[PDB]
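In what follows, a single structure is set out as structure tokens and then discussed.
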Amino acid sequence: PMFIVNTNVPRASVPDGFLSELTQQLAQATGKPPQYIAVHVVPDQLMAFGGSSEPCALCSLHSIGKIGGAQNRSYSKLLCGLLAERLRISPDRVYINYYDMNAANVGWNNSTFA
Amino acid sequence: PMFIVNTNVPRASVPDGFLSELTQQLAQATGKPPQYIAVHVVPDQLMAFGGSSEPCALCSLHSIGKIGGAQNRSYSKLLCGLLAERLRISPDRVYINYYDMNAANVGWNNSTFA
Amino acid sequence: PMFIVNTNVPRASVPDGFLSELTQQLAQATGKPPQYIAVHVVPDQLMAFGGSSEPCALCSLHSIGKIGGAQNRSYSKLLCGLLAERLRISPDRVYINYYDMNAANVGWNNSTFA
Ligand SMILES: COC(=O)C[C@H]1CC(c2ccc(O)cc2)=NO1
Ligand SMILES: COC(=O)C[C@H]1CC(c2ccc(O)cc2)=NO1
Ligand SMILES: COC(=O)C[C@H]1CC(c2ccc(O)cc2)=NO1
């Protein structure tokens with residue numbers, strides 16, 4: 002899986018083990034082995050949510066399977082929880098796009114997962 | 002809705018009220034309340050369009066509904082208009098990907114919109 | 002087509018004709034004229050792949066058509082080859098998301114391709 006977080010929160014406000022925690026938590030949540038998890042955090046971004054400059058996050062989670070109504074709701078609780086606790090971002094200022102990728106559409110190691 | 006603009010235009014060339022203008026214009030265009038609009042501008046990017054380094058923009062608009070043939074054509078006129086006027090980017094050097102998101106695939110405030 | 006590469010590799014490690022090479026190689030691979038190819042490289046990113054901070058890349062290729070099982074496998078060989086040779090990124094630390102865009106969902110020059 003691939004998880005990206007774009008936020009206006011400063012680089013200095015991102016805890017040092019944040020990428021590791023996301024990797025571990027997402028592996029547990031998705032049931033996918035930690036080795037397949039890719040995490041990307043982009044701080045100091047120029048962004049607004051509802052016209053406000055307060056802390057916010059625009060994210061996305063891509064995964065071959067493990068994406069659905071029920072699963073996405075628990076991912077949002079997990080993710081908003083982490084962003085709130087570690088980055089101090091209010092849950093209502095977070096958007097997460099979920100993508101159920103077809104294995105033939107995910108390239109890795111000179112080929113695709115299909 | 003979520004609108005992202007990635008551009009090679011320098012940070013200093015992004016007008017101060019640009020995110021607010023985008024928020025207000027997108028709300029009117031989509032019919033979605035301003036409070037739900039998230040905007041993200043990423044300047045100083047390393048990019049090329051057609052092999053040229055002249056000013057260009059790679060964008061995306063995600064929305065639950067309000068995405069379609071007709072709607073997308075007007076969004077393009079609105080967006081290219083704003084990028085041309087405020088960022089001085091030629092309309093033919095702008096790409097915008099539109100995504101009609103399923104409500105169950107958009108996380109917000111510890112849950113999803115489904 | 003639109004190709005984006007996000008990587009933790011430093012800005013200084015990106016060869017100066019990299020965007021041009023990607024443009025030329027992608028035009029040949031996709032059969033699309035070079036003038037329609039947009040390339041975007043984002044170095045110095047805060048990312049982890051499998052919990053490791055070693056060089057890695059998270060990419061995506063959007064195209065109206067020219068996306069499929071067979072095509073995606075050759076794009077992956079081409080792309081991982083380039084990332085390995087120019088950015089020294091191991092192929093197994095590269096993810097590429099492929100998107101077959103509907104023409105009505107791609108805005109360009111005040112309209113869409115539909
Ligand atoms: C070994 O099979 C897997 O479970 C592979 C993993 C990797 C993956 C994935 C999906 C989408 C991406 O943008 C990146 C990685 N999804 O599942
Ligand atoms: C009243 O509820 C809404 O209309 C909510 C808005 C917010 C939204 C949306 C979709 C996709 C995103 O990446 C971000 C926001 N779509 O609709
Ligand atoms: C002649 O028509 C084309 O080949 C148009 C090109 C442009 C294109 C494309 C798709 C998705 C993008 O985000 C940007 C460009 N795909 O094909």
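Protein chains in written order, with UniProt numbering: chain E, 2 to 115; chain R, 2 to 115; chain B, 2 to 115. The beta carbon of each residue, even a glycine, is placed where N, CA and C say it ideally should be.
Distance between residue j and residue i (C-alpha atoms, nearest Å)
i                      : j        : result
B:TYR76                : B:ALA30  : 7 Å
residue 122 of chain R : R:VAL15  : With chain R running from 2 to 115 in the structure shown, residue 122 of chain R is simply not present.
R:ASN103               : B:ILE65  : 21 Å
R:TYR99                : R:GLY32  : 16 Å
B:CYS57                : B:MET48  : 8 Å
E:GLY51                : B:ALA71  : 43 Å
R:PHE19                : E:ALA115 : 43 Å
B:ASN110               : B:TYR37  : 12 Å
B:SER53                : B:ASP17  : 27 Å
Residues of its chain near residue i, where Cβ-Cβ distance is below 6 Å and the 5 sequence neighbours each way are ignored
i       : result
B:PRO92 : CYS81 and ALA85
B:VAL6  : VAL42, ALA58 and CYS60
Close beta carbons around residue i, own chain, < 8 Å, minus the five adjacent residues each side
i        : result
R:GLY69  : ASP101
E:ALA39  : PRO2, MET3 and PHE4
E:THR113 : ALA104, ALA105, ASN106 and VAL107
Same chain, Cβ closer than 7 Å to residue i, neighbours up to 5 away in sequence not counted
i       : result
R:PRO35 : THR24, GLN25 and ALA28
R:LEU79 : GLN26 and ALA30
E:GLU55 : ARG94
B:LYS67 : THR31, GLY32 and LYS33
CB contact flag (residue i, residue j, <8 Å)
i        : j        : result
R:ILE90  : R:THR8   : yes
R:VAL10  : R:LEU88  : yes
E:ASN106 : R:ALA105 : no
B:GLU22  : B:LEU59  : no
R:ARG94  : R:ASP45  : no
Any non-hydrogen atom of ligand 4 closer than 7 Å to residue i Cβ
i       : result
R:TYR99 : Questions concerning ligand 4 fall outside what the structure shown contains, since the ligands it does hold are ligand 1, ligand 2 and ligand 3.
Chain D contact for residue i (CB, 8 Å cutoff)
i       : result
B:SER14 : No chain D appears in this structure, whose protein chains are E, R and B.
Output needed in chain order: residues of the region 20-52 of chain B with a Cβ under 7 Å from some Cβ in chain E. Answer set for the region 20-52 of chain B: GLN46, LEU47, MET48, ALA49, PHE50, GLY51 and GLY52.
Can you give me, in chain order, the residues of the region 98-115 of chain R that have a beta carbon less than 7 Å from any beta carbon in chain E? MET102, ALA105, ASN106, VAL107, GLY108, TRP109, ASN110, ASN111, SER112, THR113 and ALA115
With 7 Å as the C-beta to C-beta threshold (strictly closer), list the residues of the region 59-74 of chain R near chain B in chain order. Those residues of the region 59-74 of chain R that come within reach of chain B (Cβ to Cβ, closer than 7 Å) are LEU59, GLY70, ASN73 and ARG74.
Members of the region 80-99 of chain B that neighbour chain E once the beta carbon cut-off is set at 8 Å: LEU80, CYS81, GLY82, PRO92, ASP93, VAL95, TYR96, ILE97, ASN98 and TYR99
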